[PDB]
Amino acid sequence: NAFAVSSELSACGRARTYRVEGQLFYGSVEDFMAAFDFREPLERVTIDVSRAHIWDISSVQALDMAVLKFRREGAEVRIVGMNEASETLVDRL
């Protein structure tokens, strides 16, 4: 399988890190969006895409939606690894 997300919670339950691995493209966007618990109460969310490749603008746009949805729920959101994930698609776009 080509896409996988896991997460780890903070001790106090205030911070969650999602670890995104593998291939993000239109065909994985639905499972990608399903991996996040958007209404979990959190102060901080990290989406770490360092181990993944973003292969199309759909997927970039899905990632930006995920970010906006967490923000809307009150979380401060960080993306880690965007440069590595997105190198593929940008040098080629």
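Residue positions are given as counts along the sequence shown, with the first one as 1.
**Student:** Which has higher Cα B-factors on average according to the PDB entry: 34 to 42 or 60 to 68?
**Tutor:** Between 60 to 68 and 34 to 42, it is 34 to 42.
**Student:** Taking only the CA atoms, which stretch has the higher mean B-factor in the record, 23 to 31 or 43 to 51?
**Tutor:** The recorded data point to 23 to 31.
**Student:** In terms of the chain's CA B-factor thirds, is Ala11 lowest, middle or highest?
**Tutor:** It belongs to the highest third of the chain when residues are ordered by C-alpha B-factor.
**Student:** If you rank every modelled residue in this chain by C-alpha B factor, which third holds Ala75: lowest, middle or highest?
**Tutor:** As the PDB entry reports it, the C-alpha B-factor of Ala75 lands in the highest third of its chain.
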